[PDB]
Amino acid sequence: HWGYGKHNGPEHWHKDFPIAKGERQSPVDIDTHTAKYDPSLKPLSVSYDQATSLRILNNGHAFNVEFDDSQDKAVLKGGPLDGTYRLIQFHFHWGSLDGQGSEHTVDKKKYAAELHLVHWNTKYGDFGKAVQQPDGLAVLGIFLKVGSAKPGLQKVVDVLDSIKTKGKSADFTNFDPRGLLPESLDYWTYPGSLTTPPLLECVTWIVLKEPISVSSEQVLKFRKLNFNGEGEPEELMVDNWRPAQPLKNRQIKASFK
């Protein structure tokens, strides 16, 4: 099936998933001098106080930390968003080298990794229904640069040894996603898509301007994960990012000047 290698990577996805060449694909390059400040945007509201993490899973494409989304325990509201969006999981995309790994770019700059906190619009009842709607998901994206260690990320790093290969999961309760946010919630926003198959065009992207810093030791541990399953030849999980796609008929709005 699909992946990030030469023979199954992003250049190939359009054959099984023709929407890959669609009207509102993600990621994109964020040209900071083309985005328009929108003073009508309301303040972004990240409400993660009652967040309940459950488990961490390597699915052969990335790893995610899952959350109990059976109630409004951890939600994103405000900004360009109408209504309430519930946190279902977060995951990362990263590179083989510190100079690449993010999906979105900023004035063509690539970051070492990108964190995606995925939320679904509660008006649609469940995640599966939400992805079939043009306003079904809100994904909060945070760039990672290599610098000083991020204490709030270490508990995630600590557990990667236990989910090295495809299909492995481990208990991951009592994790606080608030520890992964930068100080500022300044952001750019645009309508886009999931960045992996099925590439559905159901996402309002909210990408924060301020990156978080993580240590080289922390990112190195991301790079020891495996795309392959247990007992198979080792393929390091690296460069699991889709490159920037054409902006086409879309406008990126900024929450700040």
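Rigid core (definition): largest C-alpha set, two forms, superposition within 1.5 Å. Residue positions are given as counts along the sequence shown, with the first one as 1.
In terms of root mean square C-alpha deviation after superposing on the rigid core in 8 other deposited structures of this protein, the stretch standing farther out between 35-43 and 210-218 is 35-43. Looking at mean Cα B-factors across 88-96 and 179-187, the upper value is held by 179-187. Between the stretches 157-165 and 116-124, it is 157-165 that shows the larger average CA temperature factor. Note on 205, 63, 222, 37: the highest value goes to 37, judged by CA B factor as recorded. Between the residues 195, 70, 59, 32, the entry's highest C-alpha temperature factor is the one at 70.
Looking at the C-alpha B-factors along this chain, the one for residue 107 belongs to the middle third.
Compared with the other modelled residues of the chain, the Cα B-factor recorded for residue 216 ranks in the highest third. For residue 243, the recorded CA B-factor ranks within the lowest third of the chain. Only modelled residues enter the ranking. In this PDB entry, the Cα temperature factor of residue 76 sits in the middle third of its chain's modelled residues. Looking at the C-alpha B-factors along this chain, the one for residue 53 belongs to the middle third.
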